[PDB]
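A.B. asks: Structure file start.tsv (TSV, C-alpha atoms) is given on the next line.
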chain	number	residue	atom	x	y	z
A	1	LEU	CA	-6.19	-29.62	9.54
A	2	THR	CA	-6.22	-27.42	12.64
A	3	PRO	CA	-5.85	-23.69	11.83
A	4	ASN	CA	-2.57	-23.60	13.76
A	5	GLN	CA	-1.04	-23.51	10.27
A	6	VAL	CA	-2.33	-19.93	10.13
A	7	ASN	CA	-0.53	-18.79	13.27
A	8	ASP	CA	2.60	-20.67	12.21
A	9	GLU	CA	2.70	-18.88	8.85
A	10	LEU	CA	1.92	-15.41	10.17
A	11	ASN	CA	4.51	-15.62	12.94
A	12	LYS	CA	7.15	-17.09	10.62
A	13	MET	CA	6.89	-14.32	8.06
A	14	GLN	CA	6.40	-11.55	10.63
A	15	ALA	CA	9.79	-12.74	11.87
A	16	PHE	CA	11.16	-12.77	8.31
A	17	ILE	CA	10.11	-9.14	7.86
A	18	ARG	CA	11.82	-8.28	11.16
A	19	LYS	CA	15.05	-9.96	10.06
A	20	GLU	CA	14.77	-7.98	6.81
A	21	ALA	CA	14.55	-4.82	8.93
A	22	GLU	CA	17.56	-5.90	10.99
A	23	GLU	CA	19.73	-6.65	7.96
A	24	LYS	CA	18.83	-3.37	6.25
A	25	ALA	CA	19.70	-1.51	9.46
A	26	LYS	CA	23.03	-3.37	9.55
A	27	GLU	CA	23.77	-2.33	5.98
A	28	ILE	CA	22.82	1.29	6.67
A	29	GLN	CA	24.97	1.60	9.78
A	30	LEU	CA	27.98	-0.03	8.10
A	31	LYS	CA	27.73	2.27	5.07
A	32	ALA	CA	27.46	5.25	7.40
A	33	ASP	CA	30.64	4.00	9.06
A	34	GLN	CA	32.60	4.01	5.81
A	35	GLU	CA	31.17	7.40	4.81
A	36	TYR	CA	32.26	8.78	8.19
A	37	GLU	CA	35.76	7.40	7.67
A	38	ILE	CA	36.02	8.81	4.15
A	39	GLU	CA	34.85	12.31	5.04
A	40	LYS	CA	37.07	12.52	8.12
A	41	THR	CA	40.18	11.33	6.29
A	42	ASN	CA	39.55	13.62	3.32
A	43	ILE	CA	39.09	16.72	5.48
A	44	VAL	CA	42.09	16.01	7.70
A	45	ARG	CA	44.33	15.41	4.67
A	46	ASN	CA	43.10	18.57	2.95
A	47	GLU	CA	43.75	20.79	5.96
A	48	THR	CA	47.07	19.16	6.88
A	49	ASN	CA	48.46	19.75	3.39
A	50	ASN	CA	47.69	23.48	3.61
A	51	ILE	CA	49.12	23.63	7.13
A	52	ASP	CA	52.38	22.07	5.94
B	1	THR	CA	-27.57	20.99	-29.77
B	2	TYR	CA	-29.27	17.71	-30.67
B	3	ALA	CA	-25.86	16.04	-30.98
B	4	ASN	CA	-25.13	17.23	-27.44
B	5	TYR	CA	-28.52	15.92	-26.32
B	6	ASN	CA	-27.81	12.48	-27.77
B	7	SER	CA	-24.37	12.60	-26.16
B	8	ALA	CA	-26.03	13.26	-22.80
B	9	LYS	CA	-28.47	10.41	-23.42
B	10	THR	CA	-25.63	7.97	-24.10
B	11	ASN	CA	-23.87	9.27	-20.99
B	12	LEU	CA	-26.99	8.34	-19.03
B	13	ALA	CA	-26.91	4.95	-20.75
B	14	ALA	CA	-23.27	4.45	-19.74
B	15	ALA	CA	-24.04	5.45	-16.15
B	16	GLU	CA	-26.97	3.03	-15.94
B	17	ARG	CA	-24.97	0.22	-17.59
B	18	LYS	CA	-22.64	-0.19	-14.61
B	19	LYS	CA	-25.65	-0.77	-12.35
B	20	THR	CA	-25.87	-4.30	-13.82
B	21	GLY	CA	-23.14	-6.91	-14.20
B	22	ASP	CA	-20.64	-9.03	-12.33
B	23	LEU	CA	-17.95	-7.86	-9.88
B	24	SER	CA	-14.77	-6.99	-11.73
B	25	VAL	CA	-15.50	-3.26	-11.61
B	26	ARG	CA	-18.88	-3.31	-9.82
B	27	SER	CA	-19.03	-0.48	-7.32
B	28	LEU	CA	-18.39	-1.20	-3.62
B	29	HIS	CA	-18.37	2.27	-2.05
B	30	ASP	CA	-21.37	2.59	0.28
B	31	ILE	CA	-21.62	-1.15	1.04
B	32	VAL	CA	-17.87	-1.51	1.64
B	33	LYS	CA	-16.32	-1.69	5.11
B	34	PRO	CA	-12.82	-0.13	5.23
B	35	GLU	CA	-12.24	-1.86	8.59
B	36	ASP	CA	-12.47	-5.15	6.68
B	37	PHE	CA	-9.94	-3.58	4.29
B	38	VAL	CA	-6.58	-3.22	6.06
B	39	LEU	CA	-4.40	-0.50	4.56
B	40	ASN	CA	-2.06	0.86	7.24
B	41	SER	CA	0.89	-1.36	6.32
B	42	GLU	CA	1.99	-3.97	3.78
B	43	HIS	CA	1.34	-7.08	5.87
B	44	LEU	CA	-2.13	-8.39	4.90
B	45	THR	CA	-3.55	-7.07	1.62
B	46	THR	CA	-7.32	-7.62	1.51
B	47	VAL	CA	-7.90	-8.71	-2.08
B	48	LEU	CA	-11.49	-8.46	-3.36
B	49	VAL	CA	-12.14	-11.77	-5.12
B	50	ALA	CA	-15.56	-12.24	-6.73
B	51	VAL	CA	-17.15	-15.44	-8.04
B	52	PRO	CA	-20.62	-16.32	-9.42
B	53	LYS	CA	-23.13	-18.02	-7.15
B	54	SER	CA	-22.34	-21.45	-8.62
B	55	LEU	CA	-19.06	-22.14	-6.80
B	56	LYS	CA	-20.09	-21.60	-3.16
B	57	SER	CA	-18.47	-24.76	-1.81
B	58	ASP	CA	-15.67	-24.73	-4.38
B	59	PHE	CA	-14.61	-21.31	-3.05
B	60	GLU	CA	-15.37	-21.54	0.68
B	61	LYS	CA	-12.58	-24.12	1.10
B	62	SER	CA	-10.05	-22.33	-1.12
B	63	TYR	CA	-8.55	-20.15	1.64
B	64	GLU	CA	-8.88	-22.24	4.82
B	65	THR	CA	-7.34	-25.37	3.27
B	66	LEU	CA	-4.71	-24.20	0.74
B	67	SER	CA	-3.87	-20.54	1.35
B	68	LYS	CA	-1.38	-18.96	3.76
B	69	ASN	CA	-2.32	-16.61	6.61
B	70	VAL	CA	-5.69	-15.56	5.19
B	71	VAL	CA	-6.90	-13.82	8.33
B	72	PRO	CA	-9.54	-16.14	9.85
B	73	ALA	CA	-13.15	-15.18	10.57
B	74	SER	CA	-13.17	-12.77	7.60
B	75	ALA	CA	-13.37	-14.31	4.13
B	76	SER	CA	-17.09	-13.82	3.40
B	77	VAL	CA	-19.35	-11.63	1.26
B	78	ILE	CA	-20.01	-7.97	1.99
B	79	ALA	CA	-22.90	-7.81	-0.51
B	80	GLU	CA	-24.43	-10.31	-2.93
B	81	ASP	CA	-26.27	-9.52	-6.17
B	82	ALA	CA	-28.07	-12.91	-6.42
B	83	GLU	CA	-25.61	-13.94	-9.17
B	84	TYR	CA	-22.13	-13.03	-7.89
B	85	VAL	CA	-20.55	-12.66	-4.45
B	86	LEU	CA	-17.45	-11.10	-2.92
B	87	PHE	CA	-14.79	-12.11	-0.39
B	88	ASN	CA	-12.31	-10.03	1.61
B	89	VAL	CA	-9.33	-12.33	1.12
B	90	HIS	CA	-5.89	-11.39	2.44
B	91	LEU	CA	-2.40	-12.53	1.48
B	92	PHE	CA	1.24	-11.52	1.71
B	93	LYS	CA	2.98	-8.37	0.51
B	94	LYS	CA	5.49	-10.42	-1.52
B	95	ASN	CA	3.43	-13.26	-3.08
B	96	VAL	CA	0.26	-11.55	-4.33
B	97	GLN	CA	0.76	-12.49	-7.98
B	98	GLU	CA	1.21	-16.23	-7.37
B	99	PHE	CA	-2.07	-16.49	-5.46
B	100	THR	CA	-3.80	-14.30	-8.04
B	101	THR	CA	-2.57	-16.66	-10.76
B	102	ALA	CA	-3.86	-19.64	-8.77
B	103	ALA	CA	-7.26	-17.97	-8.39
B	104	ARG	CA	-7.46	-17.12	-12.10
B	105	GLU	CA	-6.59	-20.76	-12.77
B	106	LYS	CA	-9.67	-21.42	-10.63
B	107	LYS	CA	-11.19	-18.68	-12.83
B	108	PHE	CA	-12.06	-16.00	-10.29
B	109	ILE	CA	-12.45	-12.32	-11.18
B	110	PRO	CA	-10.38	-10.15	-8.79
B	111	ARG	CA	-11.54	-6.63	-7.94
B	112	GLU	CA	-8.64	-4.19	-7.46
B	113	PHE	CA	-9.71	-0.81	-6.12
B	114	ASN	CA	-8.63	2.13	-3.96
B	115	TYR	CA	-11.12	3.45	-1.42
B	116	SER	CA	-11.26	7.16	-2.32
B	117	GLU	CA	-14.01	9.65	-1.50
B	118	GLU	CA	-13.36	11.63	-4.68
B	119	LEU	CA	-14.51	8.59	-6.67
B	120	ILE	CA	-17.93	8.60	-5.00
B	121	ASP	CA	-18.14	12.37	-5.42
B	122	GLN	CA	-17.32	11.92	-9.11
B	123	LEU	CA	-20.10	9.33	-9.42
B	124	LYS	CA	-22.69	11.59	-7.81
B	125	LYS	CA	-21.65	14.71	-9.72
B	126	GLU	CA	-21.55	12.99	-13.11
B	127	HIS	CA	-25.00	11.53	-12.46
B	128	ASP	CA	-26.41	14.94	-11.56
B	129	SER	CA	-24.63	16.76	-14.38
B	130	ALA	CA	-25.70	14.30	-17.06
B	131	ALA	CA	-29.35	14.27	-15.99
B	132	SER	CA	-29.76	18.00	-15.35
B	133	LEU	CA	-27.79	19.05	-18.43
B	134	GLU	CA	-29.83	16.75	-20.65
B	135	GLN	CA	-33.13	18.07	-19.28
B	136	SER	CA	-32.16	21.74	-19.43
B	137	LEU	CA	-30.72	21.32	-22.92
B	138	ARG	CA	-33.97	19.67	-24.00
B	139	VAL	CA	-36.08	22.59	-22.81
B	140	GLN	CA	-33.71	25.29	-24.05
B	141	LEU	CA	-33.74	23.53	-27.42
B	142	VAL	CA	-37.53	23.62	-27.26
B	143	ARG	CA	-37.39	27.41	-27.12
B	144	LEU	CA	-34.64	27.57	-29.75
B	145	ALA	CA	-36.50	25.36	-32.22
B	146	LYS	CA	-39.72	27.29	-31.69
B	147	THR	CA	-37.89	30.53	-32.44
C	1	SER	CA	-10.20	-10.46	14.68
C	2	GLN	CA	-9.70	-6.79	13.88
C	3	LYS	CA	-7.36	-6.54	16.88
C	4	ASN	CA	-4.70	-9.05	15.79
C	5	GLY	CA	-4.87	-7.73	12.22
C	6	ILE	CA	-4.72	-4.03	13.11
C	7	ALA	CA	-3.25	-3.21	16.53
C	8	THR	CA	-0.39	-5.72	16.47
C	9	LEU	CA	0.29	-4.86	12.83
C	10	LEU	CA	0.53	-1.15	13.68
C	11	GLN	CA	2.86	-2.02	16.55
C	12	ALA	CA	5.06	-3.94	14.10
C	13	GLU	CA	5.02	-0.82	11.93
C	14	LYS	CA	6.19	1.09	15.00
C	15	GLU	CA	9.01	-1.42	15.49
C	16	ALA	CA	10.14	-0.92	11.89
C	17	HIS	CA	9.92	2.86	12.28
C	18	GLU	CA	12.04	2.61	15.44
C	19	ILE	CA	14.65	0.57	13.57
C	20	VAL	CA	14.85	3.06	10.71
C	21	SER	CA	14.97	5.95	13.19
C	22	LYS	CA	17.91	4.29	14.94
C	23	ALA	CA	19.57	3.90	11.55
C	24	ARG	CA	19.08	7.63	10.97
C	25	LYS	CA	20.58	8.37	14.39
C	26	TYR	CA	23.59	6.20	13.55
C	27	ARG	CA	24.02	8.14	10.30
C	28	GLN	CA	23.72	11.53	12.00
C	29	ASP	CA	26.07	10.78	14.89
C	30	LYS	CA	28.58	9.22	12.48
C	31	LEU	CA	28.56	12.35	10.31
C	32	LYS	CA	28.98	14.58	13.37
C	33	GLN	CA	31.90	12.36	14.38
C	34	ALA	CA	33.35	12.78	10.89
C	35	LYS	CA	33.28	16.54	11.44
C	36	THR	CA	34.50	16.61	15.06
C	37	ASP	CA	37.38	14.16	14.61
C	38	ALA	CA	38.65	16.16	11.64
C	39	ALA	CA	38.30	19.38	13.64
C	40	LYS	CA	40.42	17.93	16.44
C	41	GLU	CA	43.03	16.43	14.09
C	42	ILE	CA	43.58	19.66	12.14
C	43	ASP	CA	44.41	21.47	15.38
C	44	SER	CA	46.83	18.70	16.34
C	45	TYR	CA	48.64	19.10	13.02
C	46	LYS	CA	48.58	22.90	13.27
C	47	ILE	CA	50.16	22.99	16.73
C	48	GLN	CA	52.74	20.39	15.70
C	49	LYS	CA	53.85	22.55	12.77
C	50	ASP	CA	53.68	25.79	14.77
C	51	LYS	CA	55.81	24.57	17.68
C	52	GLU	CA	58.66	23.39	15.46
Please rewrite the model in this file as C-alpha cells.
C.D. replies:
Amino acid sequence: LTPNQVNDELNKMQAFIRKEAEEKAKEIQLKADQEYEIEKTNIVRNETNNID
Amino acid sequence: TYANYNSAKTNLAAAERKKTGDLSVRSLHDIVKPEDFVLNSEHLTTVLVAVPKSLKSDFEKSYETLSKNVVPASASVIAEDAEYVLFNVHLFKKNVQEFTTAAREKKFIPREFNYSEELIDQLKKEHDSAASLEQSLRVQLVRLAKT
Amino acid sequence: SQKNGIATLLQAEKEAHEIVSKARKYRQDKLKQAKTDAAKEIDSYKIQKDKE
C-alpha cells in the first residue's frame, strides 16, 4: 500500500507520547497541590496552638 | 615465561577470530554512521538486524509492508561481508521486544551495541599490547634461555 | 530523511522538557505558597489573641 501508513503511525504515537506527557504533568501538579495544602495546614495549626 | 608466551599467542588467536564470522557481534565501529543511528531521544531506536545473503527479497519487504514507522529511505546495509548484511531498522520505544520476537521467528540475528570510543581504543590497545608483548617476551626469553 | 527523524524529534524533546519544567514551576510556586499562606495566617492568629 501507499507509505501513508508510515506517517499515520508516527503522528498517532507522537500524539500518544504527548498525551502521556500531559497526563503526567496533570498528576504532578495535582500532587503538588495536595502537598501545598498539607504543609500549609500543618504549619498554621502548629503555630496557632503555641500562640493560644 | 613460555606459558605467558602461549597465553599471548592464544590472545592473538582470539583477536584474529573475531575478524571472521557473521554479524551478531561483528564490529561496526569505523564503517558505522552514527547519523544513521538516532540516539538523542527514545522515539526511533535504530536496531541493527543482520541476515545472511540468502534472504535479500525475504527481508527487503519485511519493514515496508508489515512494520510500523520504520523511518523510510533508511533500511539498507552499511557494509556487506559477501555472506551477511546489515540493516538500520527503527521501531518504537515501547514495542521493541515484540518486533524482535517476530524477527527471530523469521530467524534474524540482531546486533545490540553502544557506540563508544573507549571500545575502539580498547581494541587498538589490546591488539598492540598482545603483539608487542609476545614479541618482546620471545626475545627476552631468547636471552634468558641462552643464559 | 535525517531532518524529520532528528530535528523534529529534538523539538518534541524540547516540548517534553518544557512540560516537565512547567511541572517543576508549579511545584515550586505551590511550595512557596504553602510557606507564605502559613506566614500570613500565623500573624492573623497572633494579632487576634493579642488584641483580646
A.B. asks: Please define a box with edges along x, y and z of the file around all atoms of region 28-35 of chain A given in the file, extend it by 4 Å on each side, and return its centre and edge lengths in Å to one decimal, as JSON.
C.D. replies:
{"center_x": 27.7, "center_y": 3.7, "center_z": 7.3, "size_x": 17.8, "size_y": 15.4, "size_z": 13.0}
A.B. asks: Write out as a list in words which residues come within 7 Å of residue 44 (chain A) when counting all atoms listed in the file, dropping same-chain ones fewer than 3 positions away.
C.D. replies: residues 40, 41, 47 and 48 of chain A; 38, 41 and 42 of chain C
A.B. asks: Have a look at B:42, B:128, B:118, B:30 and name the one nearest to chain A; count only C-alpha atoms.
C.D. replies: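 Among B:42, B:128, B:118, B:30, it is B:42 that comes nearest to chain A.
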A.B. asks: How close does each residue of region 55-93 of chain B get to region 13-35 of chain A, giving the shortest atom pair and distance in Å to one decimal for every residue with an atom at most 12 Å away, counting all atoms listed in the file, sorted by chain and residue number, as a Markdown table?
C.D. replies:
| residue | atom | partner | partner_atom | distance |
| --- | --- | --- | --- | --- |
| B:68 | CA | A:13 | CA | 10.4 |
| B:69 | CA | A:13 | CA | 9.6 |
| B:91 | CA | A:13 | CA | 11.5 |
| B:92 | CA | A:13 | CA | 8.9 |
| B:93 | CA | A:17 | CA | 10.3 |
A.B. asks: Store the residues picked out above, limited to C-alpha atoms, as a JSON list (two decimals), in the coordinates of the input.
C.D. replies:
[["chain", "number", "residue", "atom", "x", "y", "z"],
["B", 68, "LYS", "CA", -1.38, -18.96, 3.76],
["B", 69, "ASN", "CA", -2.32, -16.61, 6.61],
["B", 91, "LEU", "CA", -2.40, -12.53, 1.48],
["B", 92, "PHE", "CA", 1.24, -11.52, 1.71],
["B", 93, "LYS", "CA", 2.98, -8.37, 0.51]]
A.B. asks: Would you work out the distance separating CA of residue 46 (chain C) from CA of residue 51 (chain A), expressed in Å to one decimal?
C.D. replies: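 Answer for the CA of residue 46 (chain C) to CA of residue 51 (chain A) separation: 6.2 Å.
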A.B. asks: Residues at most 12 Å from region 76-85 of chain B, counting only C-alpha atoms, excluding those fewer than 4 positions away in the same chain, as JSON, numbers by chain?
C.D. replies: {"B": [19, 20, 21, 22, 23, 24, 26, 27, 28, 29, 30, 31, 32, 33, 34, 35, 36, 37, 46, 47, 48, 49, 50, 51, 52, 53, 54, 55, 56, 59, 60, 61, 62, 63, 64, 70, 71, 72, 89, 90, 108, 109, 110, 111]}
A.B. asks: Given only C-alpha atoms, how would the per-residue table for chain C near chain B read, listing every residue at most 8 Å away with its closest atom pair and distance in Å to one decimal, sorted by chain and number, as JSON lines?
C.D. replies:
{"residue": "C:1", "atom": "CA", "partner": "B:73", "partner_atom": "CA", "distance": 6.9}
{"residue": "C:2", "atom": "CA", "partner": "B:35", "partner_atom": "CA", "distance": 7.7}
{"residue": "C:5", "atom": "CA", "partner": "B:71", "partner_atom": "CA", "distance": 7.5}
{"residue": "C:6", "atom": "CA", "partner": "B:38", "partner_atom": "CA", "distance": 7.3}
{"residue": "C:9", "atom": "CA", "partner": "B:43", "partner_atom": "CA", "distance": 7.4}
{"residue": "C:10", "atom": "CA", "partner": "B:40", "partner_atom": "CA", "distance": 7.2}
{"residue": "C:13", "atom": "CA", "partner": "B:41", "partner_atom": "CA", "distance": 7.0}
A.B. asks: Could you state the separation of CA of residue 117 (chain B) and CA of residue 18 (chain B) in Å, given to one decimal place?
C.D. replies: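 Spanning CA of residue 117 (chain B) to CA of residue 18 (chain B) is a straight-line distance of 18.5 Å.
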A.B. asks: Between B:144, B:116, B:9, B:65, which has the minimum distance to chain A (counting only C-alpha atoms)?
C.D. replies: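 Closest to chain A of all the choices is B:65.
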A.B. asks: Up to 9 Å from chain A, what residues of chain C turn up? Count only C-alpha atoms and give them as a list in words.
C.D. replies: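 The complete set of qualifying residues is residues 12, 15, 16, 19, 20, 22, 23, 24, 26, 27, 28, 30, 31, 32, 33, 34, 35, 36, 37, 38, 39, 41, 42, 45, 46 and 49 of chain C.
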A.B. asks: Could you please select, counting only C-alpha atoms, the residues of chain A within 6 Å of chain B and state them as a PyMOL selection string?
C.D. replies: chain A and resi 6+9-10
A.B. asks: One decimal, Å: what's the distance from CA of residue 1 (chain B) over to CA of residue 147 (chain B), could you say?
C.D. replies: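 Separation of CA of residue 1 (chain B) and CA of residue 147 (chain B): 14.3 Å.
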A.B. asks: Can you take the partial region 29-54 of chain B, add N, CA and C atoms, and return it as an mmCIF file, in the frame of the given file?
C.D. replies:
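Full text of part_18.cif as output:
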data_model
loop_
_atom_site.group_PDB
_atom_site.id
_atom_site.type_symbol
_atom_site.label_atom_id
_atom_site.label_comp_id
_atom_site.auth_asym_id
_atom_site.auth_seq_id
_atom_site.Cartn_x
_atom_site.Cartn_y
_atom_site.Cartn_z
ATOM 1 N N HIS B 29 -18.757 1.011 -2.674
ATOM 2 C CA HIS B 29 -18.370 2.270 -2.050
ATOM 3 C C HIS B 29 -19.205 2.631 -0.837
ATOM 4 N N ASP B 30 -20.512 2.386 -0.877
ATOM 5 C CA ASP B 30 -21.370 2.590 0.280
ATOM 6 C C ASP B 30 -21.680 1.298 1.015
ATOM 7 N N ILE B 31 -21.394 0.147 0.413
ATOM 8 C CA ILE B 31 -21.620 -1.150 1.040
ATOM 9 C C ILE B 31 -20.272 -1.823 1.234
ATOM 10 N N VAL B 32 -19.231 -1.023 1.453
ATOM 11 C CA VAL B 32 -17.870 -1.510 1.640
ATOM 12 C C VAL B 32 -17.389 -1.061 3.016
ATOM 13 N N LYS B 33 -16.835 -1.996 3.788
ATOM 14 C CA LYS B 33 -16.320 -1.690 5.110
ATOM 15 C C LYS B 33 -14.814 -1.507 5.043
ATOM 16 N N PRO B 34 -14.282 -0.290 5.205
ATOM 17 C CA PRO B 34 -12.820 -0.130 5.230
ATOM 18 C C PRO B 34 -12.147 -0.864 6.384
ATOM 19 N N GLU B 35 -12.843 -1.093 7.502
ATOM 20 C CA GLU B 35 -12.240 -1.860 8.590
ATOM 21 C C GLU B 35 -11.917 -3.279 8.146
ATOM 22 N N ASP B 36 -12.755 -3.868 7.295
ATOM 23 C CA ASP B 36 -12.470 -5.150 6.680
ATOM 24 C C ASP B 36 -11.493 -5.025 5.520
ATOM 25 N N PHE B 37 -10.842 -3.869 5.402
ATOM 26 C CA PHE B 37 -9.940 -3.580 4.290
ATOM 27 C C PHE B 37 -8.710 -2.900 4.916
ATOM 28 N N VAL B 38 -7.743 -3.718 5.326
ATOM 29 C CA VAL B 38 -6.580 -3.220 6.060
ATOM 30 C C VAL B 38 -5.634 -2.534 5.095
ATOM 31 N N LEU B 39 -5.222 -1.312 5.439
ATOM 32 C CA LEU B 39 -4.400 -0.500 4.560
ATOM 33 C C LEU B 39 -3.218 0.175 5.236
ATOM 34 N N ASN B 40 -3.094 0.094 6.562
ATOM 35 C CA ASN B 40 -2.060 0.860 7.240
ATOM 36 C C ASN B 40 -0.665 0.445 6.792
ATOM 37 N N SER B 41 -0.426 -0.857 6.663
ATOM 38 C CA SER B 41 0.890 -1.360 6.320
ATOM 39 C C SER B 41 0.761 -2.477 5.291
ATOM 40 N N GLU B 42 1.912 -2.915 4.793
ATOM 41 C CA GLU B 42 1.990 -3.970 3.780
ATOM 42 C C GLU B 42 2.255 -5.323 4.436
ATOM 43 N N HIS B 43 1.260 -5.792 5.184
ATOM 44 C CA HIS B 43 1.340 -7.080 5.870
ATOM 45 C C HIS B 43 0.235 -8.035 5.452
ATOM 46 N N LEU B 44 -1.014 -7.577 5.398
ATOM 47 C CA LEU B 44 -2.130 -8.390 4.900
ATOM 48 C C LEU B 44 -2.951 -7.529 3.945
ATOM 49 N N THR B 45 -2.845 -7.818 2.649
ATOM 50 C CA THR B 45 -3.550 -7.070 1.620
ATOM 51 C C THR B 45 -4.885 -7.736 1.321
ATOM 52 N N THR B 46 -5.978 -7.071 1.691
ATOM 53 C CA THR B 46 -7.320 -7.620 1.510
ATOM 54 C C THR B 46 -7.688 -7.558 0.036
ATOM 55 N N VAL B 47 -7.473 -8.656 -0.687
ATOM 56 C CA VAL B 47 -7.900 -8.710 -2.080
ATOM 57 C C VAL B 47 -9.409 -8.950 -2.136
ATOM 58 N N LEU B 48 -10.036 -8.404 -3.173
ATOM 59 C CA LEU B 48 -11.490 -8.460 -3.360
ATOM 60 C C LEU B 48 -11.767 -9.438 -4.497
ATOM 61 N N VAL B 49 -11.919 -10.708 -4.147
ATOM 62 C CA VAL B 49 -12.140 -11.770 -5.120
ATOM 63 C C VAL B 49 -13.639 -12.041 -5.223
ATOM 64 N N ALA B 50 -14.144 -12.059 -6.455
ATOM 65 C CA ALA B 50 -15.560 -12.240 -6.730
ATOM 66 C C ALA B 50 -15.772 -13.459 -7.618
ATOM 67 N N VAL B 51 -16.834 -14.208 -7.331
ATOM 68 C CA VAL B 51 -17.150 -15.440 -8.040
ATOM 69 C C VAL B 51 -18.664 -15.492 -8.249
ATOM 70 N N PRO B 52 -19.169 -16.130 -9.305
ATOM 71 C CA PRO B 52 -20.620 -16.320 -9.420
ATOM 72 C C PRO B 52 -21.150 -17.208 -8.306
ATOM 73 N N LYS B 53 -22.480 -17.271 -8.220
ATOM 74 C CA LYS B 53 -23.130 -18.020 -7.150
ATOM 75 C C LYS B 53 -22.922 -19.526 -7.269
ATOM 76 N N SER B 54 -22.404 -20.013 -8.397
ATOM 77 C CA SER B 54 -22.340 -21.450 -8.620
ATOM 78 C C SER B 54 -21.346 -22.134 -7.685
#
